[PDB]
Amino acid sequence: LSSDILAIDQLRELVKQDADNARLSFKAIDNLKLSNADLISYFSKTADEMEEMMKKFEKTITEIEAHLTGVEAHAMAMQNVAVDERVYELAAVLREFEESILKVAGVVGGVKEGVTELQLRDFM
Amino acid sequence: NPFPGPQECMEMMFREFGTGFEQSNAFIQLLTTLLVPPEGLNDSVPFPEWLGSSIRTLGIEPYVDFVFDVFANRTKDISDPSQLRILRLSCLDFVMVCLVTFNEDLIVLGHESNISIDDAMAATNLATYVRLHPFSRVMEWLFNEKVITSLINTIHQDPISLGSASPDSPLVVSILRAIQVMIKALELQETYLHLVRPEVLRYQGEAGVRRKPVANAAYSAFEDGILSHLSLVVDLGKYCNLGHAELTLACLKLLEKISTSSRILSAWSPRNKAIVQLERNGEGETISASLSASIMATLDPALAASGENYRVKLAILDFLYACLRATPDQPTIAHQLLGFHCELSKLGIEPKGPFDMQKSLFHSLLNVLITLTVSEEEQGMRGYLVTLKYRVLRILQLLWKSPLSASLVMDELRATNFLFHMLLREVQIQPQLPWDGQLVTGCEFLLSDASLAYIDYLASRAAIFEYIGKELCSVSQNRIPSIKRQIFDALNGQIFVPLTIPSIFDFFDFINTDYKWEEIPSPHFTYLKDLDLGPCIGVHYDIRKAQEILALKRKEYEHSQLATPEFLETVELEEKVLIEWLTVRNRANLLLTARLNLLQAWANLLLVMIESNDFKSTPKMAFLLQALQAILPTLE
Amino acid sequence: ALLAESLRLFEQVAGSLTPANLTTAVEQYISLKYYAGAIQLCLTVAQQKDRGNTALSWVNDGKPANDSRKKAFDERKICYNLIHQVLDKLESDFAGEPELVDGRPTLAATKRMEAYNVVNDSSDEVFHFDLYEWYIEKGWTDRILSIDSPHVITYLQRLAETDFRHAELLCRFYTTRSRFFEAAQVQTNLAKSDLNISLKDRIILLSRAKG
Amino acid sequence: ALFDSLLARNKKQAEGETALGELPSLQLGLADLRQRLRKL
Amino acid sequence: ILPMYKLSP
Amino acid sequence: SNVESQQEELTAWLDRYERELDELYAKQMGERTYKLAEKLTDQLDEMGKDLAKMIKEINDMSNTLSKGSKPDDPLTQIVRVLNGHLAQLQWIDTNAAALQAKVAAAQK
Amino acid sequence: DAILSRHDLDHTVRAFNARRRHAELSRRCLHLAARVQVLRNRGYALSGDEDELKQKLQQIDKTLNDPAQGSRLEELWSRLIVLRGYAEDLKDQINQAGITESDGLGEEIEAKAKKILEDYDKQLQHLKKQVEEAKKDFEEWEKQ
């Protein structure tokens, strides 16, 4: 359910901007039947937004390359070779995640305390 | 003018040649053959630059456009599965022949130095090449949903067909070609989006060109169109139990590249989808079992570098390394394949599972590692065995350093006496034992490939020493002398099951200044002496940075018109000596850093041993004096 | 008030003064001992003929011959050559004269310091390079050494790389300032060089570097 | 049913769709993943 | 549990 | 249901505008750049879709290759969930680093 | 069970469906918002900030309509199909270790790993929310 919250939250703000963008278009026509400088920001905004989506595409592409290049190696070893050994891997992973979390935690705590510092320095 | 405007007659003829399969495949093959240059499979794109200049046509684009439209739309009117497979194979071969004929490094160096350093004369050539080459149109089509849907439909097939099919079946070849096209697209997407789209857009804005877009703006990258398919990874994993070396390597490389990306793992784990997709009908278990059965398969001593089994093993190891190195804090598919219960920010083991019964991928790796002998007689100190064990040790270190998978791994290792097997598998190094039939003191050693095996062996020894030190520290802090006695006995040189082994002081034979890795014989270099390695340089001296400089200097000297023909061989041999000089310097730096890491690991191990030692000191005085004698010359 | 207001009027049309007028102006300024001011006009006329600083991008790349930026350097130099012209009559008029009566500096010595402050403080380093090049041609060695600008270090460093007798000054520059290590650092790096230097000179270099 | 929901969420995650940005992410695991974790 | 992992050469 | 009915009023009205649009056409009867802008914005959606398909297929091949005799197993489960955790941890790390950077600005 | 049945089926479908409907209506909204800037603004006097718009549009359009960038995907696909066939072949070849795989995987450590995973998930969620709060609480100070 908690995961379902964020879903609606996204869907809420989405229909609301689509409500306004679809409203800004009719008021222009309702004005005509009886704002041109405004939609420019909207189009340029969509452009500015997509401009990064393209960069995301590039990123993901580069990743896919970098990944399949690994797949090749995995298969290249798997062909070359041709249970209990991998169980150690899981443990080796988890014991490392513990450490990574414990690493991140420090950063988080540092930030939080770092913010409360300024918060304090504000009314102090 | 086939006997009505040309723009209409051409499309009418294309549509007429689209009805059926025989004529379509024949036309596709004819186009593929025509796209091959006369010199065979880099400039002079294989087609006239004035192709279609008379009529208002974009050149050779209509052909690729029609081919893609056919392959995307008219693939449902083929009832005979064989005809559909043949058509898909022909289309994939056409796409590959179109993509492989694109210059990447040329365009990179052009966009880098042509307009910024070089004149503006050759710029027109590169512009025309980028505008007329169909690579841009192919890349634009790759961002379409129809193409990826057809691809994943072709790759998604029943297993019984591939099992009963022949190795030369058209389905396997088509799947291989599709995987290769996907790999090439994932590799060249960045280069395209960087050095194609802006130039093409600027040209279309400046001049007058009428083109129809066939790409989706929403799909900012190639991963956006494929992240919506969950059965792809399942099919790729199931296709590993077929035995086809090429297909297995291709699938492993594809999975490695997928795991290496970022958007895919951000969409999967923003709970998760892959862990639940691979745990539908026990796919992970069968995948792990197949991988174990594969890695356990022996290799051909004669076909060391040609054994498909060894290639598959190395591919699997590289895949695991890339999957574990990327995002170590958060679990991944590697943890599930090893036999762990991948839970949200937590792992665990299940009762009676494959990893609990010591029958999993990790245990198989441990077995194949402890049952591996590198000490040979005919050659001695092989190279590919060293590489295999180095990859295994890197994977083990990546699994250990991760605190999320550290405690259980250390427990499973200490519960099977892994350090004892490693010590029993150790071998002493001396300046007499050659590496692959080649001696170390030889000058060609620094130029040969034995340096890689030597660095790998040094790293393996360092990792083993670090693991031994960590285990000793753990056993000491656990205040249990049950294992301390065995540890000391192994360090004393005896084993009570007595089997003897060389002590730690015996392995202190890697510090040797007789080779003079720091000193280098500097030739005379009467010419090119002023050419330094400034722009070459993480000590990594690039060779192209000096190659370009020496080429410019040779061109200037030739333009000077002063004994250019005679003194050319001098510059040639000076360059041939400088390249080997750079390679030798790089190898020496690598060996030096490896020796430094090994010495640091040995010092840490010795410190941990001396500090955590409750045993009497009067008996260990002998080892103390031996260590003092050994370090005396090192310090001197 | 007349010369200071004339200077205001000249600097306004700096991006548009003809070399014939600019000369007649500097010629008159020298008659009226207005040394430091005339130097400031020529420096100002320089910057306003080339605001983008192309004579920098020209010399920084190093001698691009057959170039349109030759205009920038050549026009800038007409002003620089006039600065050199002023600095000559400066010493001539106040030739060998002492910089003080007991306690009080001369006004001759004041017009000297006023002039060499405009020169040493300027931000036009293409002017500084052309000025350092001209100081050598006059044998005013000890003048280059005393300059504390950091444009002199770049000039001498860039010239030491291909001229032994200029690397000599850079080493002298450091040793009068007592940056002894930095000098031996050059003397040693110069003896190990690929430059056409006799062995017996390299013996001097290493012998000075050792000291 | 917790871990199940974690799977289910991480399953629906890496599977589309048309959400103007969030494309399915490729899963790694084990070997590549450890290094990918260490490279954090 | 350890059929082959034993140190019995 | 609110979000679902908001996609009913703001649809019927979107259909209602088309009358005033056809009226505007009727008025005018008595551009391509925008039409290029829309297709240009629209074309990349197909690329996203195709890229998604690709990624899905890659996942399929990797998963099936690594294991293909029990796709309902708990290994791929742990793998997936653990990947999720990795990603989330990365997010945490990065964003936290960003906030940490943001504090340096206040250290003036 | 009731809550889960509701969520897992009734709500998920409406969420996804609603999201796609949003996307569709966003397209229609931009289409209308585009035609408005056509028919009414067809007075030939369309300029000013338009240049910047078509400049951006031309830049991104030029970046997209490139041979290499478009080719990379096509190359990638086949480059994937190669590994597809290769992997499927090598898989069919090593399609015998099934009992070893299923039984090898089925264990007990898996149960513990699941637990550790859940714990990690909780810790991770907590950290995430903590950082979220750290952000939300800082953007306040950003104003004061």
# chains A, B, ... in the order shown; residues from 1 in each chain; ligands from 1
$ residues_around --residues "residue 344 in chain B" --least-positions-apart "4" --cutoff "6 Å" --atoms "only C-alpha atoms" --output "PyMOL selection string"
(chain F and resi 81-82+85) or (chain G and resi 117-118+120-121)
$ write_last_selection --atoms "N, CA and C atoms" --output "PDB file, in the first residue's frame"
ATOM      1  N   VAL F  81      15.598  -8.701  -6.064  1.00  0.00           N
ATOM      2  CA  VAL F  81      15.351  -7.883  -4.874  1.00  0.00           C
ATOM      3  C   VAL F  81      16.637  -7.176  -4.456  1.00  0.00           C
ATOM      4  N   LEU F  82      17.725  -7.932  -4.497  1.00  0.00           N
ATOM      5  CA  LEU F  82      19.038  -7.436  -4.123  1.00  0.00           C
ATOM      6  C   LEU F  82      19.517  -6.326  -5.084  1.00  0.00           C
ATOM      7  N   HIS F  85      17.599  -3.267  -4.033  1.00  0.00           N
ATOM      8  CA  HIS F  85      18.297  -2.693  -2.889  1.00  0.00           C
ATOM      9  C   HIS F  85      19.555  -1.940  -3.311  1.00  0.00           C
TER      10      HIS F  85
ATOM     11  N   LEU G 117      17.672  -9.787   3.659  1.00  0.00           N
ATOM     12  CA  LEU G 117      17.223  -8.867   2.622  1.00  0.00           C
ATOM     13  C   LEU G 117      16.123  -7.949   3.148  1.00  0.00           C
ATOM     14  N   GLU G 118      15.117  -8.527   3.796  1.00  0.00           N
ATOM     15  CA  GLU G 118      14.042  -7.724   4.373  1.00  0.00           C
ATOM     16  C   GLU G 118      14.602  -6.687   5.346  1.00  0.00           C
ATOM     17  N   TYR G 120      17.650  -5.429   5.414  1.00  0.00           N
ATOM     18  CA  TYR G 120      18.284  -4.431   4.562  1.00  0.00           C
ATOM     19  C   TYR G 120      17.246  -3.481   3.984  1.00  0.00           C
ATOM     20  N   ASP G 121      16.131  -4.020   3.504  1.00  0.00           N
ATOM     21  CA  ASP G 121      15.099  -3.188   2.897  1.00  0.00           C
ATOM     22  C   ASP G 121      14.597  -2.171   3.911  1.00  0.00           C
TER      23      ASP G 121
END
$ closest_atom_pairs --of "range 4-90 of chain F" --to "range 20-27 of chain D" --cutoff "8 Å" --atoms "only C-alpha atoms" --output "tab-separated table"
residue	atom	partner	partner_atom	distance
F:45	CA	D:20	CA	7.8
F:48	CA	D:23	CA	7.1
F:52	CA	D:23	CA	5.9
F:55	CA	D:26	CA	6.0
F:56	CA	D:24	CA	7.3
F:58	CA	D:26	CA	7.5
F:59	CA	D:26	CA	6.0
F:79	CA	D:27	CA	7.8
F:80	CA	D:27	CA	6.5
F:83	CA	D:27	CA	6.4
$ write_last_selection --atoms "N, CA and C atoms" --output "tab-separated table (two decimals), in the first residue's frame"
chain	number	residue	atom	x	y	z
F	45	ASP	N	9.57	8.67	-28.10
F	45	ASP	CA	8.76	7.76	-27.30
F	45	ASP	C	8.91	6.34	-27.84
F	48	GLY	N	12.21	5.07	-26.77
F	48	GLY	CA	12.12	4.61	-25.40
F	48	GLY	C	11.49	3.23	-25.35
F	52	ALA	N	13.26	-0.13	-24.22
F	52	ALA	CA	12.66	-0.95	-23.16
F	52	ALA	C	12.57	-2.40	-23.61
F	55	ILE	N	16.05	-3.92	-23.49
F	55	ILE	CA	16.45	-4.21	-22.12
F	55	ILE	C	15.74	-5.46	-21.60
F	56	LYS	N	14.43	-5.53	-21.84
F	56	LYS	CA	13.65	-6.70	-21.45
F	56	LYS	C	14.25	-7.97	-22.05
F	58	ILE	N	17.28	-8.47	-23.16
F	58	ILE	CA	18.59	-8.71	-22.56
F	58	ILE	C	18.43	-9.40	-21.21
F	59	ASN	N	17.51	-8.88	-20.40
F	59	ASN	CA	17.19	-9.51	-19.13
F	59	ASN	C	16.75	-10.95	-19.33
F	79	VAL	N	18.44	-12.27	-6.46
F	79	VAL	CA	19.13	-11.41	-7.42
F	79	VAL	C	18.34	-10.12	-7.62
F	80	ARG	N	17.10	-10.25	-8.08
F	80	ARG	CA	16.26	-9.09	-8.38
F	80	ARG	C	16.08	-8.16	-7.18
F	83	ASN	N	19.21	-6.47	-6.37
F	83	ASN	CA	19.45	-5.39	-7.34
F	83	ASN	C	18.66	-4.15	-6.96
$ residues_around --residues "residue 9 in chain A" --least-positions-apart "5" --cutoff "12 Å" --atoms "only C-alpha atoms" --output "list in words"
residues 2, 3, 4, 14, 15 and 16 of chain A; 3 of chain F; 15 and 19 of chain G
$ atom_distance --atom1 "CA of residue 138 in chain G" --atom2 "CA of residue 124 in chain A"
16.5 Å
$ interface_residues --of "chain F" --to "chain D" --cutoff "12 Å" --atoms "only C-alpha atoms" --output "MDAnalysis selection string"
chainID F and resid 41:42 44:63 66 72:94 97
$ write_last_selection --atoms "N, CA and C atoms" --output "short mmCIF file (atom, residue, chain, number, x, y, z; two decimals), in the first residue's frame"
data_model
loop_
_atom_site.label_atom_id
_atom_site.label_comp_id
_atom_site.auth_asym_id
_atom_site.auth_seq_id
_atom_site.Cartn_x
_atom_site.Cartn_y
_atom_site.Cartn_z
N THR F 41 8.96 15.33 -30.96
CA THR F 41 8.76 14.99 -29.56
C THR F 41 8.19 13.58 -29.42
N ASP F 42 7.38 13.18 -30.39
CA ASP F 42 6.70 11.89 -30.35
C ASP F 42 7.61 10.73 -30.76
N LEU F 44 10.72 10.03 -30.15
CA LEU F 44 11.61 9.49 -29.13
C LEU F 44 10.89 8.54 -28.18
N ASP F 45 9.57 8.67 -28.10
CA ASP F 45 8.76 7.76 -27.30
C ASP F 45 8.91 6.34 -27.84
N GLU F 46 8.90 6.23 -29.17
CA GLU F 46 9.09 4.95 -29.83
C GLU F 46 10.48 4.40 -29.51
N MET F 47 11.46 5.29 -29.43
CA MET F 47 12.82 4.89 -29.11
C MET F 47 12.89 4.38 -27.68
N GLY F 48 12.21 5.07 -26.77
CA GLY F 48 12.12 4.61 -25.40
C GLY F 48 11.49 3.23 -25.35
N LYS F 49 10.39 3.07 -26.07
CA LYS F 49 9.69 1.79 -26.12
C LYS F 49 10.59 0.67 -26.64
N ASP F 50 11.25 0.93 -27.76
CA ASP F 50 12.15 -0.05 -28.36
C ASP F 50 13.31 -0.37 -27.43
N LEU F 51 13.84 0.67 -26.79
CA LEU F 51 14.94 0.50 -25.84
C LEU F 51 14.48 -0.38 -24.68
N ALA F 52 13.26 -0.13 -24.22
CA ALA F 52 12.66 -0.95 -23.16
C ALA F 52 12.57 -2.40 -23.61
N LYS F 53 12.05 -2.62 -24.81
CA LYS F 53 11.98 -3.96 -25.38
C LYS F 53 13.36 -4.62 -25.37
N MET F 54 14.37 -3.89 -25.85
CA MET F 54 15.74 -4.39 -25.84
C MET F 54 16.17 -4.83 -24.45
N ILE F 55 16.05 -3.92 -23.49
CA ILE F 55 16.45 -4.21 -22.12
C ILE F 55 15.74 -5.46 -21.60
N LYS F 56 14.43 -5.53 -21.84
CA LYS F 56 13.65 -6.70 -21.45
C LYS F 56 14.25 -7.97 -22.05
N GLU F 57 14.51 -7.95 -23.35
CA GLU F 57 15.09 -9.11 -24.02
C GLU F 57 16.46 -9.47 -23.44
N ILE F 58 17.28 -8.47 -23.16
CA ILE F 58 18.59 -8.71 -22.56
C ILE F 58 18.43 -9.40 -21.21
N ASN F 59 17.51 -8.88 -20.40
CA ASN F 59 17.19 -9.51 -19.13
C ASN F 59 16.75 -10.95 -19.33
N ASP F 60 15.86 -11.17 -20.29
CA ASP F 60 15.40 -12.52 -20.61
C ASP F 60 16.57 -13.44 -20.94
N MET F 61 17.45 -13.00 -21.84
CA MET F 61 18.57 -13.83 -22.26
C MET F 61 19.54 -14.12 -21.12
N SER F 62 19.88 -13.09 -20.35
CA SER F 62 20.78 -13.28 -19.21
C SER F 62 20.18 -14.22 -18.17
N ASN F 63 18.93 -13.97 -17.80
CA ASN F 63 18.24 -14.79 -16.81
C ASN F 63 18.07 -16.24 -17.27
N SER F 66 21.67 -17.93 -17.48
CA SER F 66 22.20 -18.28 -16.16
C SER F 66 21.43 -19.44 -15.54
N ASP F 72 10.91 -20.24 -11.63
CA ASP F 72 10.08 -19.87 -10.49
C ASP F 72 10.90 -19.95 -9.19
N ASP F 73 12.22 -20.06 -9.35
CA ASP F 73 13.15 -20.28 -8.24
C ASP F 73 13.43 -19.06 -7.37
N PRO F 74 14.04 -19.27 -6.19
CA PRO F 74 14.37 -18.18 -5.26
C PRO F 74 15.71 -17.47 -5.52
N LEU F 75 16.50 -17.98 -6.46
CA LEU F 75 17.77 -17.34 -6.75
C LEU F 75 17.53 -16.05 -7.49
N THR F 76 16.91 -16.13 -8.66
CA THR F 76 16.62 -14.94 -9.45
C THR F 76 15.84 -13.94 -8.60
N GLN F 77 15.04 -14.48 -7.67
CA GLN F 77 14.35 -13.66 -6.68
C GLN F 77 15.33 -12.82 -5.87
N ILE F 78 16.24 -13.50 -5.16
CA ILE F 78 17.25 -12.78 -4.39
C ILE F 78 18.02 -11.82 -5.28
N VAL F 79 18.44 -12.27 -6.46
CA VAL F 79 19.13 -11.41 -7.42
C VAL F 79 18.34 -10.12 -7.62
N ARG F 80 17.10 -10.25 -8.08
CA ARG F 80 16.26 -9.09 -8.38
C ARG F 80 16.08 -8.16 -7.18
N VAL F 81 15.60 -8.70 -6.06
CA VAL F 81 15.35 -7.88 -4.87
C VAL F 81 16.64 -7.18 -4.46
N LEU F 82 17.73 -7.93 -4.50
CA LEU F 82 19.04 -7.44 -4.12
C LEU F 82 19.52 -6.33 -5.08
N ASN F 83 19.21 -6.47 -6.37
CA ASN F 83 19.45 -5.39 -7.34
C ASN F 83 18.66 -4.15 -6.96
N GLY F 84 17.38 -4.34 -6.66
CA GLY F 84 16.54 -3.25 -6.20
C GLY F 84 17.20 -2.51 -5.05
N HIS F 85 17.60 -3.27 -4.03
CA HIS F 85 18.30 -2.69 -2.89
C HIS F 85 19.56 -1.94 -3.31
N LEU F 86 20.33 -2.52 -4.22
CA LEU F 86 21.52 -1.84 -4.74
C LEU F 86 21.14 -0.48 -5.32
N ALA F 87 20.17 -0.47 -6.22
CA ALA F 87 19.73 0.77 -6.86
C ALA F 87 19.29 1.81 -5.83
N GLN F 88 18.43 1.38 -4.90
CA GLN F 88 17.93 2.29 -3.87
C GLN F 88 19.08 2.84 -3.02
N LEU F 89 20.02 1.97 -2.67
CA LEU F 89 21.18 2.37 -1.90
C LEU F 89 22.00 3.41 -2.67
N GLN F 90 22.16 3.17 -3.97
CA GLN F 90 22.85 4.13 -4.83
C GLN F 90 22.14 5.48 -4.80
N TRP F 91 20.82 5.46 -4.96
CA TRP F 91 20.02 6.68 -4.89
C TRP F 91 20.29 7.43 -3.59
N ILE F 92 20.16 6.71 -2.48
CA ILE F 92 20.43 7.28 -1.16
C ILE F 92 21.81 7.93 -1.12
N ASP F 93 22.83 7.15 -1.48
CA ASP F 93 24.21 7.64 -1.48
C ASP F 93 24.36 8.94 -2.28
N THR F 94 23.94 8.90 -3.54
CA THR F 94 24.07 10.04 -4.43
C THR F 94 23.35 11.27 -3.89
N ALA F 97 24.94 12.66 -0.90
CA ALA F 97 26.14 13.38 -1.31
C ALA F 97 25.77 14.77 -1.83
#
$ select_by_dssp --residues "range 56-178 of chain C" --states "helix (DSSP H, G or I)" --output "count of residues only"
87
$ atom_distance --atom1 "CA of residue 155 in chain C" --atom2 "CA of residue 44 in chain C"
22.1 Å
$ atom_distance --atom1 "CA of residue 22 in chain B" --atom2 "CA of residue 57 in chain B"
27.6 Å
$ residues_around --residues "range 197-208 of chain C" --least-positions-apart "4" --cutoff "6 Å" --atoms "only C-alpha atoms" --output "list in words"
residues 187, 188 and 191 of chain C
$ write_last_selection --atoms "C-alpha atoms" --output "PDB file, in the first residue's frame"
ATOM      1  CA  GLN C 187      70.556  24.572 -14.564  1.00  0.00           C
ATOM      2  CA  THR C 188      70.272  20.808 -14.026  1.00  0.00           C
ATOM      3  CA  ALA C 191      72.356  20.279 -18.744  1.00  0.00           C
TER       4      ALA C 191
END
$ closest_atom_pairs --of "range 267-320 of chain B" --to "range 87-110 of chain G" --cutoff "10 Å" --atoms "only C-alpha atoms" --output "CSV"
residue,atom,partner,partner_atom,distance
B:282,CA,G:102,CA,7.0
B:283,CA,G:102,CA,8.4
B:284,CA,G:105,CA,7.7
B:285,CA,G:102,CA,4.3
B:286,CA,G:101,CA,4.3
B:287,CA,G:101,CA,6.5
B:288,CA,G:101,CA,5.2
B:289,CA,G:101,CA,2.8
B:290,CA,G:97,CA,4.7
B:291,CA,G:94,CA,7.8
B:292,CA,G:101,CA,7.6
B:293,CA,G:97,CA,5.5
B:294,CA,G:94,CA,6.2
B:295,CA,G:94,CA,10.0
B:297,CA,G:94,CA,9.8
B:308,CA,G:90,CA,9.5
B:309,CA,G:90,CA,9.5
B:312,CA,G:90,CA,8.3
$ interface_residues --of "chain A" --to "chain B" --cutoff "6 Å" --atoms "only C-alpha atoms" --output "PyMOL selection string"
chain A and resi 53-54+56-58+60-100
$ closest_residue --among "B:375, B:12, B:624, B:420" --to "residue 8 in chain E" --atoms "only C-alpha atoms"
B:420
$ closest_atom_pairs --of "chain G" --to "chain F" --cutoff "9 Å" --atoms "only C-alpha atoms" --output "Markdown table"
| residue | atom | partner | partner_atom | distance |
| --- | --- | --- | --- | --- |
| G:14 | CA | F:4 | CA | 8.2 |
| G:18 | CA | F:4 | CA | 6.8 |
| G:21 | CA | F:7 | CA | 7.6 |
| G:22 | CA | F:7 | CA | 7.6 |
| G:25 | CA | F:11 | CA | 7.4 |
| G:27 | CA | F:42 | CA | 8.3 |
| G:28 | CA | F:14 | CA | 8.0 |
| G:29 | CA | F:14 | CA | 7.6 |
| G:30 | CA | F:38 | CA | 7.8 |
| G:31 | CA | F:38 | CA | 7.2 |
| G:32 | CA | F:14 | CA | 8.4 |
| G:34 | CA | F:34 | CA | 6.4 |
| G:35 | CA | F:31 | CA | 7.9 |
| G:36 | CA | F:21 | CA | 8.3 |
| G:37 | CA | F:31 | CA | 8.1 |
| G:38 | CA | F:31 | CA | 5.3 |
| G:39 | CA | F:24 | CA | 7.3 |
| G:40 | CA | F:24 | CA | 8.0 |
| G:42 | CA | F:31 | CA | 8.0 |
| G:54 | CA | F:33 | CA | 8.0 |
| G:57 | CA | F:37 | CA | 7.0 |
| G:60 | CA | F:40 | CA | 8.9 |
| G:61 | CA | F:40 | CA | 6.9 |
| G:64 | CA | F:44 | CA | 8.8 |
| G:73 | CA | F:51 | CA | 8.5 |
| G:77 | CA | F:54 | CA | 7.5 |
| G:80 | CA | F:58 | CA | 7.6 |
| G:83 | CA | F:61 | CA | 8.6 |
| G:84 | CA | F:61 | CA | 6.5 |
| G:87 | CA | F:65 | CA | 6.4 |
| G:88 | CA | F:65 | CA | 7.1 |
| G:90 | CA | F:65 | CA | 8.6 |
| G:91 | CA | F:65 | CA | 6.2 |
| G:95 | CA | F:68 | CA | 8.3 |
| G:97 | CA | F:69 | CA | 8.7 |
| G:98 | CA | F:69 | CA | 5.9 |
| G:99 | CA | F:69 | CA | 8.7 |
| G:101 | CA | F:69 | CA | 7.6 |
| G:102 | CA | F:70 | CA | 6.7 |
| G:105 | CA | F:75 | CA | 7.1 |
| G:106 | CA | F:74 | CA | 7.9 |
| G:110 | CA | F:74 | CA | 7.3 |
| G:113 | CA | F:78 | CA | 7.8 |
| G:114 | CA | F:78 | CA | 7.1 |
| G:117 | CA | F:82 | CA | 7.1 |
| G:120 | CA | F:85 | CA | 7.7 |
| G:121 | CA | F:85 | CA | 6.6 |
| G:124 | CA | F:89 | CA | 6.6 |
| G:125 | CA | F:88 | CA | 8.5 |
| G:127 | CA | F:92 | CA | 7.2 |
| G:128 | CA | F:92 | CA | 5.6 |
| G:131 | CA | F:96 | CA | 6.2 |
| G:132 | CA | F:95 | CA | 8.7 |
| G:134 | CA | F:99 | CA | 7.8 |
| G:135 | CA | F:99 | CA | 6.7 |
| G:138 | CA | F:99 | CA | 8.4 |
| G:142 | CA | F:106 | CA | 8.9 |
